[PDB]
Amino acid sequence: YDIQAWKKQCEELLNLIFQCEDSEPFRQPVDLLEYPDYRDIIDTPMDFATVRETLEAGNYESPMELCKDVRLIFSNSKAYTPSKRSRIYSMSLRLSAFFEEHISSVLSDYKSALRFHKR
Ligand SMILES: Brc1ccnc2ncccc12
Ligand SMILES: Brc1ccnc2ncccc12
């Protein structure tokens with residue numbers, strides 16, 4: 001019932017995500033010189049370095065907030081892709097599956113710990 005445990009669990013999951021080749025297009029903000037129309041489609045850019053920095057700055061209060069930003073990385077890729085067969089979009093789907101598989105216990109344990117705190 002450790003209410004703080006999610007933070008290190010999220011740091012470790014972000015480390016695994018950075019080791020993965022599929023995260024390379026998402027490690028830093030999308031390069032606007034490479035994709036000049038990006039901000040015409042995407043209102044809120046997000047990337048894994050921004051997530052890691054927000055976490056390290058102590059600017060996430062819960063793993064739900066981190067999970068919303070990570071999910072925004074994937075929804076931005078789905079919105080920007082010209083095709084469901086695109087290389088970078090296909091990488092985002094594999095990364096999303098891996099993230100969701102691993103974040104589920106982090107969220108469950110955190111929510112359980114908060115319920116125990118108010119039992
Ligand atoms: Br990194 C990563 C991303 C996507 N799928 C993965 N599957 C297994 C292990 C690491 C993975
Ligand atoms: Br092309 C493409 C497809 C999907 N997501 C993308 N995100 C960033 C840069 C290029 C992308």
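In listed order, ligands and their atoms are each counted from 1. Computed from heavy atoms alone, side chains included, the values below leave out hydrogens, waters and symmetry copies. Here, residue 1 is the first one in the sequence, and each next residue gets the next number.
Atom 6 (C) of ligand 2 has as its closest protein heavy atom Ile88 CG2, 3.5 Å. The protein heavy atom nearest to atom 1 (Br) of ligand 1 is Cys20 CB, 1.9 Å. The nearest heavy-atom contact from the protein to atom 3 (C) of ligand 2 is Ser86 OG, 3.4 Å. Of the protein's non-hydrogen atoms, the one nearest atom 10 (C) of ligand 1 is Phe98 CE1, 3.5 Å. In terms of protein heavy-atom proximity, atom 8 (C) of ligand 2 is nearest to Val30 CG2, 3.6 Å.
Summarising the geometry, atom CD1 belonging to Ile88 is positioned 8.5 Å from atom CD belonging to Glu24; distances are rounded to the nearest 0.5 Å.
Checking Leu107, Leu55, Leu13, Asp109 one by one against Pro63, the side chain to side chain contact (heavy atoms under 4.5 Å, CB included) holds for a single residue, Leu107.
For ligand 1, the atoms lying closer than 4.0 Å to a non-hydrogen atom of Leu16 are 1 (Br). Taking a cut-off of under 4.0 Å to the non-hydrogen atoms of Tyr35, the atoms of ligand 2 that pass are 9 (C), 10 (C). Interface of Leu95 with ligand 1, defined as ligand atoms under 4.0 Å from a residue heavy atom, comprises 3 (C). Near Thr81, with a cut-off below 4.0 Å to any heavy atom, the atoms of ligand 2 are 3 (C), 4 (C).
Residue-ligand proximity: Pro25 is placed with every non-hydrogen atom at 4.0 Å or more from ligand 2. For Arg94, the heavy-atom gap to ligand 1 drops under 4.0 angstrom.
A donor-acceptor pair is defined here as one N or O able to donate and one able to accept, closer than 3.5 Å; no such pair exists between the side chain of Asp37 and the backbone of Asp40. Between the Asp2 side chain and the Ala113 main chain, no donor and acceptor come within less than 3.5 Å of each other. Of the possible donor and acceptor atoms, one in the side chain of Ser108 sits under 3.5 Å from a partner among the backbone N and O of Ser104.
Following chains of ILVMFWY side-chain contacts shorter than 4.5 Å, one cannot reach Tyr89 starting from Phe26, and the two form parts of different hydrophobic clusters.
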> Do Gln9 and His102 pass the side chain to side chain contact (heavy atoms under 4.5 Å, CB included) test, and can you show the C-alpha distance, the side-chain angles, and the key distance before you say yes or no?
Replying inline: CA-CA 10 Å; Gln9 290 164 0; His102 286 93; over 6 Å; no
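Looking at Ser77 against ligand 2, both its backbone and its side chain come within 4.0 Å, counting heavy atoms.
Both the sub-6.0 Å distance and the 45° axial angle are not jointly satisfied by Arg119 relative to the ring of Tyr1.
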